[PDB]
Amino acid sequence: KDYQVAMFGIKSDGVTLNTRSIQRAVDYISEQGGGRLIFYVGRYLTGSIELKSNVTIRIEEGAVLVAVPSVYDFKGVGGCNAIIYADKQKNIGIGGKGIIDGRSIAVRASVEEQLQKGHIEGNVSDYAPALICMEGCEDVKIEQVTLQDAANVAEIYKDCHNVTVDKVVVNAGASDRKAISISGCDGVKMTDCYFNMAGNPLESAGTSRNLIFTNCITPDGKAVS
């Protein structure tokens, strides 16, 4: 069953912070045995969303999931810190031709400010969220979405099994960072993915197996693998 976001009080005005209502929708849908959360059109402001087992988030064409420029509205240090993250979940997905917008400069400036005041300790990289981060997940389906201007890395896959990434577009925006970080995965099939950046988009710990990259390219048309 598909669930429209408006039914959970999620607002597409680009100014209402929807984190808690999106999370409750994800939690409710998982409790019902699974289904899809549909973002149909407009701008949806959010902090970190925890994806749950048997839930797929769809950001349809014309819809944008936009990061709030606030360090404390993200997951933070330790494990997966992203706009959409999942920790030890199964049968999860992200789809739709919409956009996930990281607002990297404004998000990183928020992190920088709290570090300079000494309210948090470390480097900007310790707190800046990825757009997507999956850790210890099984049967992950990522497709069609445009991942734009990530505050850190666009996608992180750590200790995952049976991951598919299809027709995804990564737009660097203001980011000079890697597009994808992969470590300890088993079975990752990436097909028809575009990286709008010039350098190597992939960061690998070299601890993954059964990795298949088909037609994954940079603007010059050079293979990404």
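In case it trips you up, residue 1 is the first one in the sequence shown, and so on.
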Going by the entry, of stretches 105-113 and 120-128 the one with greater average Cα B-factor is 120-128
Determine, for stretches 194-202 and 60-68, which one has the higher mean CA B-factor as deposited. 194-202
Looking at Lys141, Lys75, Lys97, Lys90, which has the biggest Cα B factor in the entry? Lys75
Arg24 by Cα B-factor - lowest, middle or highest third of the modelled chain: middle
Divide the modelled residues of the chain into thirds by Cα B-factor and specify which third, lowest, middle or highest, holds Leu51. middle
Where does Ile84 sit by CA temperature factor within its chain: lowest, middle or highest third? lowest
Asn18 - Cα temperature factor, lowest/middle/highest third of chain: lowest
Ranked by Cα temperature factor within the chain, is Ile180 in the lowest third, the middle third or the highest third? middle
